[PDB]
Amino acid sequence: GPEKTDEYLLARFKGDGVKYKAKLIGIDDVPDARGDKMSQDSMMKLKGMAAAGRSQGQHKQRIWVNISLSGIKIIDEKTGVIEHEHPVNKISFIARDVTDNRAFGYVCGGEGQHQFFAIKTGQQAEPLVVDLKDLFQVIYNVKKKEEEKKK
């Protein structure tokens, strides 16, 4: 299909952007802004915790993951309340889960406050992961083109 352009991505993510059905596996404090191994260790811990909770009749919270030029919003599906919101410049790393095509996570937070948000997607995680890659790329592209033209 047609290759992406900056303008296509700007229109896709402006305003309310796009949203995906998911469940929140958990949130974990982590030591660094980025890293595959750090993220997977966090994913495994949070999945272990969710499995223990499941054995006690707990369920993961049903959410929308909203992706836009404003960053990522975690929205409670039942009530529609925004439970978590991180702007683009406070999201540091996107992690895939090699064990699970329906999970991914992201590291976010300012310095000394890095946290891993682990997400179980309703469908495959890859389209969401790619949307995040594209979101960050178009914002970076637009910034760089502005900088090159002013110099």
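Residue numbers here begin at 1 and follow the sequence given.
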> So which stretch wins on mean C-alpha B-factor, 23-31 or 48-56?
Replying inline: 48-56
>> Going by the mean C-alpha B-factor recorded in the entry, which is higher: 78-86 or 39-47?
In response: 78-86
> Which one of 114, 96, 62, 102 shows the biggest C-alpha B-factor in the PDB entry?
Replying inline: 62
> How does residue 132 rank on Cα B-factor within its chain, lowest, middle or highest third?
Replying inline: lowest
> Is the Cα B-factor recorded for residue 66 in the lowest, middle or highest third of its chain?
Replying inline: middle
> By its CA B factor, does residue 11 count among the lowest, middle or highest third of the modelled residues in the chain?
Replying inline: lowest
